[PDB]
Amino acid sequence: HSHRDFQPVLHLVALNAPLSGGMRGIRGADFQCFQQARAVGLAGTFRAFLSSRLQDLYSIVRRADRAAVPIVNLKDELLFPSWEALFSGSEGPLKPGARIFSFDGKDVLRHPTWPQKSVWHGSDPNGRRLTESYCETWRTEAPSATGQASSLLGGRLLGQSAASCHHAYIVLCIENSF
């Protein structure tokens, strides 16, 4: 990684281990993206790609970087043309053979560290928070509670599934601004 000023990019990178609903909160989830990112030398601002009590997944990326700046993976490969494109309501269709990588470089969708290939997002297809399904703002992992998740094997990044919070799923980290 070396990128150019007139060449903006935002990385969607995965946390190194699957996590249940009991994420200690977004403050706790946010801190893990931070640690892991700088453990591998990444100079950006990483926030947990989730919808919480006081925020929508949409509002993680600063306005100036929402309309054009491409969303790439840890390998710089293209995921989404832009953030608006992602949150336009098509539930982020993963293009043919696109792959997401964890900070330590594992291909999340094909590595045994992630038995369950779903992503925790707690949002609707337009990146808005769902207070009835975001594991009580990622504080609980009670099987009775549920969080919005997407099945990477269903080809989407924002599929809609109220999933039991005891589940250890993938958690993503979006660089908040290039």
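Residue numbers here begin at 1 and follow the sequence given.
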| task | Could you check the entry and say whether 102 to 110 or 84 to 92 has the higher mean CA B-factor? | result | 84 to 92
| query | Mean CA B-factor: is it higher for 56 to 64 or for 111 to 119? | reply | 56 to 64
| Say you rank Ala142, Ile26, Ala43, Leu130 by Cα B-factor from the PDB entry; which sits at the top? | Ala43
| said: According to the Cα B-factor stored in this entry, which of the following is highest: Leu157, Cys165, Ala14, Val9? | reply: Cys165
| said: Based on the deposited C-alpha B factors for this chain, I'd like to know if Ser151 is in the lowest, middle or highest third. | reply: middle
| field | Assigned third (lowest, middle, highest) for the C-alpha B factor of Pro18 | value | middle
